[PDB]
Amino acid sequence: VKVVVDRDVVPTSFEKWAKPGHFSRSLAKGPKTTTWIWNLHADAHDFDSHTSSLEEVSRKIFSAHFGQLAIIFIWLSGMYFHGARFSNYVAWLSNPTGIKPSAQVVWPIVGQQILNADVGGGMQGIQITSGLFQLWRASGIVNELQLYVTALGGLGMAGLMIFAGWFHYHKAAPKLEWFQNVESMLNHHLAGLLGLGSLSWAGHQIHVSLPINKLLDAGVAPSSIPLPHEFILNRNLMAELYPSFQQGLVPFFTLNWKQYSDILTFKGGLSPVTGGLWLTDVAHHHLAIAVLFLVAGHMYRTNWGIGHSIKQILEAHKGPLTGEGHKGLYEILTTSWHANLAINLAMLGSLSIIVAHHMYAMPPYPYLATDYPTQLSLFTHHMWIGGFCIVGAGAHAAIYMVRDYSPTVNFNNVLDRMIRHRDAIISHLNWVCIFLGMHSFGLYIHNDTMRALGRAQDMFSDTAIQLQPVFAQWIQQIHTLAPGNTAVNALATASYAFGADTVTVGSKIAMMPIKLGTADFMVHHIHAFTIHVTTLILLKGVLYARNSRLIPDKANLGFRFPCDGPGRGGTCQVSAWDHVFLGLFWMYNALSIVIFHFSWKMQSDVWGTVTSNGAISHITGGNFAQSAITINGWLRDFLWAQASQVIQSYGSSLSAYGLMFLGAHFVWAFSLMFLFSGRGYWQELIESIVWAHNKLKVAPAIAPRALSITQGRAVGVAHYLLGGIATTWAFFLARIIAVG
Amino acid sequence: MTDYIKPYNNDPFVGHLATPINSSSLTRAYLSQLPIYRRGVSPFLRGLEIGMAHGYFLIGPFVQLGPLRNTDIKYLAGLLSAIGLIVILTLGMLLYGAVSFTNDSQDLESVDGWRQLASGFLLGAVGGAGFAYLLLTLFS
Amino acid sequence: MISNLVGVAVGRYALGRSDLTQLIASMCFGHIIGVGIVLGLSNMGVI
Amino acid sequence: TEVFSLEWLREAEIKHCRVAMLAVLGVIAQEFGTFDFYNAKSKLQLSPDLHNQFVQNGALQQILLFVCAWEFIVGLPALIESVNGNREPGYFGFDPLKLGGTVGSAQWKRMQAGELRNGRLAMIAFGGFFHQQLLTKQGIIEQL
Amino acid sequence: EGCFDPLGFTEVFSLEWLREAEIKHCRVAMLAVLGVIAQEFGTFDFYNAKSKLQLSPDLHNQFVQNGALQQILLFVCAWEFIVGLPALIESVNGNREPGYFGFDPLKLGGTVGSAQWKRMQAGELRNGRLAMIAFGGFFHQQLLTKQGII
Ligand SMILES: CC1=C(C/C=C(\C)CCC[C@H](C)CCC[C@H](C)CCCC(C)C)C(=O)c2ccccc2C1=O
């Protein structure tokens, strides 16, 4: 802990921009090849492939942090603008049901004005599924002026970060000593960012809740809504809307906390007025998280001598099967900028998935559960984000054994054992994958056989009673009896997906006691199969990245290399980056099956309508009580009946989701050009075109060459994913708008 | 005293050379006690128990889950499929000794003792399918 | 009241052993033990 | 701290301090006859919200933004190097600069005489002059 | 000045470049007792009366006339002194400033010269440290019922 700054290290000059490839002398003197054009961008972000001075690598990544951060701020500042200039948020603020969301308009140029979906509120445009209107309503924003002020205030913060990432660099620069303060870093991330962040937003939704809770839920017009400062300038207004504000931080010191029970509660479940979680439970929630982070943010050595440290914490954890356990992990994470990134990408990637689950389970925003397109889109959105992030965790946990692991410096006998008995880890995961594959998908082959064969599916009904409602049923029953018993201070469950027979409806079903059955054990094990295979191939790329049995001199070649050659029968695609390239694909299959499961099972048994003459009638009424057990039902009643909502939309305003649907198969099958052919044939293909180019001398000085062997696969997975997401992106956004 | 006796002998005196979950020091002795590779015995007995263990449970799967499981005759479908697979599996296991032909001096683990344990495996599998056959009859 | 202020005072003075003799840490953690016991007391709710 | 960045910083200060002074001496000049006199009926028609979205002044502002562009496209290279553009005002200023230096001994650095104070006073005063009169409708609390 | 074996440090900062609060803590208390003398001085329209002074008669309307600039300028005044304390020495200080470390060396001062001093210097923050016990000593009672005169 010391202010060690290296003021002025790199000057501010356009000289480097004049040279295409100033970041590497190898990518500057010889731009005579087409391959150099692609190498300039492939290595543009591989900062450890330029200079080795860590004082400069740390002063090239924190710059990219502020750069990406500025890009994100430019991105967020526009969202508040689009919901004010051309949108329907104010009309939707008055009438939330009949007015569909929209915040994007088209222009009359080539007849594209058909995309102007009639949403209502005196404004036509394109429907939105980003949850912007729910977030803005939960923030107390009503007038358009409050949008523009936030946007103009976002421009300032966006500019300050550009003048900051251009400050600690071309102007200032901390030394290398400022980065080994990981102890001082977690004391400011868990307390300054997480702590003060969970406290600052907590103090907001306590004084901004009543413009949403005790006003917009009563039935007052948006014009009759008072001003947020009129409630603060007069404490008695808050006192009347909540009879606890008369005190004004007096029992807070007296420890008479029960007198603050008008805003701070632990109700649970959802509110039968808004459509999501309670607006008072989240305020108390963030207060509870804020204090916990104010405590957890004081755990490591600053410059006063008290507290633990990542050093001796890991230097103390042992274990019989670990040997010299946990020691040296401090030197693992404090030396390699890479090393922090895999554990970050892993935790944050699983975090995006877990928060995606928490979205649909308990809807935290008002008018979010009924908004089916937004809910369906947001879950799978963070779902695929975490898929990419966890594979990036594998992508870099593979980088570590190759780029920053030494048999003399940094040492954990735990990681040593992960590489010493490395052939055992993957052997276990291999047999687990095969057992979960020959059965989970084996049972799919089995049931699809039983139906086309005849009376076998009839005798499978008793087994359909097995597995399903056998496990996890008691867990839901625990949560039914969890309030009152194991939760005396909770008058509702964690979510209405747990409370049996308890259905909350606001003209449209919000949540349902998700009665498992028929084939949830099937798809959950298809998930576990595609999860164990993904973990297997990525962990394989992690621990086999250093020591390999086939080729012993593995560290010499690198990370993003093609292979070795036709020897040994054939060494092909053996890099850890290829275990990530294929790891992206099994993650792709995993997340694809999970989004299919979530999306369709929702309208199967959860999403529906309600009438007084009856009870519950789903959009698609209880179909996957049989159409999920076999593979056919996944394209007989699932992938087949969806064409009636994506194609039957040219006569309406949903025509773009059909064009993108049919056009995403184009780029996906365009990936089938790179993932199947080889550079040898294509390189023989250029030289003929180069012959025609030498006939008229129209041959470029930059010698035409084929794509790199690794770059072709990188573009192949790029198209296999882009063409393999935009189809379901157009599909998830197809039916849910027609059946909304 | 170099490094003080290998950081505590790699924690409380591990050792365990032929143990790491393949068979604990108790389980490796249990394998020597196990008849499939039993010490101090030869012709028939190294097998025999192999069949008396395999064919004994081969009746299990097809009694409750097999392609025939919904009438009163289904008590036989668990045995016919089992015995048919027993004949097939006996042929498949006997053929291994025919494929091997290098250790004709080591008659035990190659050809002689190999067939002189599969010979017990045939009677063990068929008989064991008949042993668990008469076990669930008195309760039905 | 006085019983609650002395409750925090005894909850901060019950933290004066060998592992607590380090000034400010004994005071802050005292409130953690103080308010917490009060919240465990909470005008005697228990069960 | 670096050269080429602080160059644009000190320049922008000078390139707007004169703008933040001719505007003050322009907004005050246009309202010198209507500052008080019953507070000009709360700025009278000079209230920006009362203007008709600048119907007649929009096409004029476009012409102004055009000419002002090349004006600063002359300020960008005239700063580059000393010769031509800045060199002739260079020795012009050197005529008062020599007398000012004679009054101030060895050299008397003119930038300490009043290049930064005027530059920052104009910016801060015009920033506050634009908020008190153009960014407050309801006062709530008395402003003193 | 009576103590024995226990561990405990009076004042001192580990990095010891904490002049942002330490240097002004005796000066910040100068404008604290300004409120003790308070705004009323005798005759004319009195600004405030009795123990209420600070917040009961804090004026109903006070987010502007209680100067934002008045609070702003405090920070601006602090920036001149408090920001410039890591090092941030300016050229204006001194005559014949070139090679300033060589001219008129300072050094520790423990040797022979400048004997028996800094007692005066240390004297003020002693009162500032006295003040922290004494200040809140009157502040605990402010929360309570405050019957009559108190
Ligand atoms: C096509 C193909 C190539 C060749 C790929 C090429 C030539 C990429 C072409 C992409 C560029 C961007 C197209 C050329 C466009 C020029 C850049 C000109 C653009 C100028 C304006 C339009 C901006 C391989 O190298 C290859 C390698 C291994 C397996 C399969 C394949 C394979 O299928």
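Residues numbered from 1 in each chain as written, not as in the entry; some residues may be left out. Chains lettered and ligands numbered in written order. Part of a larger assembly, values for the part shown. Heavy atoms only, no water. Residues with missing side-chain atoms left out of burial classes, pairs and counts.

Under its PDB header, the title given for this structure is "Cyanidioschyzon merolae photosystem I".

As recorded in the PDB entry, chain C goes by the name Photosystem I reaction center subunit X, listed as coming from Cyanidioschyzon merolae. The annotation that UniProt attaches to chain C under Subcellular location (unreviewed entry) is "Membrane". Comment text from UniProt for chain C, heading Sequence similarities (unreviewed entry), reads "Belongs to the PsaG/PsaK family." (UniProt positions renumbered as here; feature names shortened; annotations may be inferred.)

All names here are of chain B. Backbone geometry at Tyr4 places phi at a positive 60°, although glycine is not the residue there. In this structure, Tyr4 sits in the segment before helix 1 (5–13). Assessed through its relative accessible area of 59%, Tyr4 is described here as exposed. Positioned with a positive phi, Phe44 is a non-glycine residue whose angle comes to about 75°. Position of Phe44 relative to the elements: it lies in the loop between helix 2 (25–33) and helix 3 (49–57). (Helix = DSSP H or I, 4+ residues; strand = E, 2+ residues; numbered from the N terminus. Buried < 20%, exposed > 50% of the residue type's maximum accessible area, 1.4 Å probe, protein only.)

If you look at the interface, chain D gives 8 residues, while chain A gives 12 residues. Each partner contributes to the roughly 800 Å² buried at the junction of chain D and chain A, and carbon and sulfur atoms together form 59% of this total. In terms of surface lost to chain A, no three residues of chain D exceed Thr1(D), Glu2(D) and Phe4(D), which account for 63% of the buried area on that side. Where chain D meets chain A, there are 0 salt bridges. Scanning the region where chain D abuts chain A turns up 4 residue pairs in polar contact. Taken together, the residues of the side of chain D that touches chain A break down into 4 nonpolar, 3 polar and 1 charged. (Contact = heavy atoms within 4.5 Å. Buried area = accessible area lost by both parts, 1.4 Å probe. Salt bridge = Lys/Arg side-chain N within 4 Å of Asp/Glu carboxyl O. Polar contact = N/O pair within 3.5 Å; in protein donor to acceptor, adjacent residues only side chain to side chain. Nonpolar A, V, L, I, M, F, W, Y, C, P; charged D, E, K, R; others polar.)

Counting contacts across all 6 pairs of chains that touch, the top pair turns out to be chains A and D. Taking C-alpha atoms as the reference, chain B and chain D come no closer than 53 Å and do not contact one another. Nothing in chain B touches chain E, and the closest approach of their C-alpha atoms is 37 Å.

So, about the packing of aromatic side chains. Residue and element names in this part refer to chain A. Taken as a whole and judged by the stated rule, the model has 45 aromatic pairs over all chains. On the basis of an interplanar angle of 25° and a centroid distance of 6.1 Å, the ring pair of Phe62 and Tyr169 is categorised as stacked. Taken as a pair, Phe62 in helix 3 (residues 54–82) and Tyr169 in the loop between helix 6 (145–165) and helix 7 (182–200) lie far apart in primary sequence, 107 residues in all. Comparing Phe62 with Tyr169 shows no difference in burial state: the two are buried. (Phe/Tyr/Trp six-rings, centres within 6.5 Å; stacked < 30°, edge-to-face > 60°.)

Moving on to the site of the ligand. All names here are of chain A. With respect to spatial proximity, the complete set of residues near the ligand consists of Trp38, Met673, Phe674, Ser677, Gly678, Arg679, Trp682, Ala706 and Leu707. Residue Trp682 places a side-chain N or O atom 3.2 Å away from an oxygen atom belonging to the ligand. Interatomic distance of 2.6 Å between a backbone N/O atom of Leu707 and an oxygen atom of the ligand. Listed by contribution, the elements that provide at least two residues to the shell around the ligand are helix 26 (656–674) and helix 27 (679–695). The residue inventory of the shell around the ligand, partitioned by class, reads 6 nonpolar, 2 polar and 1 charged. (Near = heavy atom within 4 Å.)

Helix length check: helix 5 (residues 55–79) of chain D, at 25 residues, gives a terminal C-alpha distance of 37 Å against a target of 36 Å (1.5 Å per residue), a fit within 8%. In the segment just after helix 5 of chain D, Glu81(D) is the residue with positive phi, at about 60°. (Expected span 1.5 Å × (residues − 1).)

Our focus in this paragraph is the interface of chain A and chain B. Taken residue by residue, the interface counts 11 residues in chain A and 6 residues in chain B. Surface buried jointly by chain A and chain B totals about 590 Å² across both partners, of which 38% is contributed by carbon and sulfur atoms. Considering only the surface of chain A that becomes buried against chain B, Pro320(A), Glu324(A) and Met459(A) emerge as the three largest contributors, covering 60% of it. Scanning the region where chain A abuts chain B turns up 3 residue pairs in polar contact. Taken together, the residues that form the side of chain A that touches chain B break down as 4 nonpolar, 3 polar and 4 charged.

So, about the environment of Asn127(E). Mapped onto the fold, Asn127(E) is located in helix 4 (residues 119–139). Between the C-alpha atoms of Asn127(E) and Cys26(E), which are 101 residues apart in sequence, the distance is 7.8 Å.

Side chains bearing opposite charge may pair, as long as their charged atoms lie close to each other. Residues and elements named next belong to chain A. Applying the stated criterion across every chain yields a total of 14 salt bridges over all chains. The partner of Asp6 in a salt bridge is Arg59, with the nearest N and O atoms 3.6 Å apart. A residue pair is termed long-range when its members are at least 10 positions apart, and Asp6 in the segment before helix 1 (15–18) and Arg59 in helix 3 qualify at 53 residues. Across the pair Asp43 and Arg560 runs a salt bridge, and its minimum N-O distance is 2.9 Å. Taken together, the residues span a long stretch of sequence, with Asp43 in the loop between helix 2 (34–42) and helix 3 and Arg560 in the loop between helix 22 (520–543) and helix 23 (576–606) at a distance of 517 residues. Since its relative accessible area comes to 31%, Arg560 is described here as partly exposed. When salt bridges with common partners are traced through the structure, they connect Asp43, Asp46, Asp48, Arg403 and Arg560 into a single cluster.

All names here are of chain A. Tracing the backbone shows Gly276 in the loop between helix 10 (251–254) and helix 11 (279–296). C-alpha separation for the pair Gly276 and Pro364, spaced 88 residues apart in sequence, amounts to 5.3 Å. Setting aside its immediate chain neighbours within four residues, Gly276 contacts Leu270, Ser271, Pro363, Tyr365, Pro366 and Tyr367.

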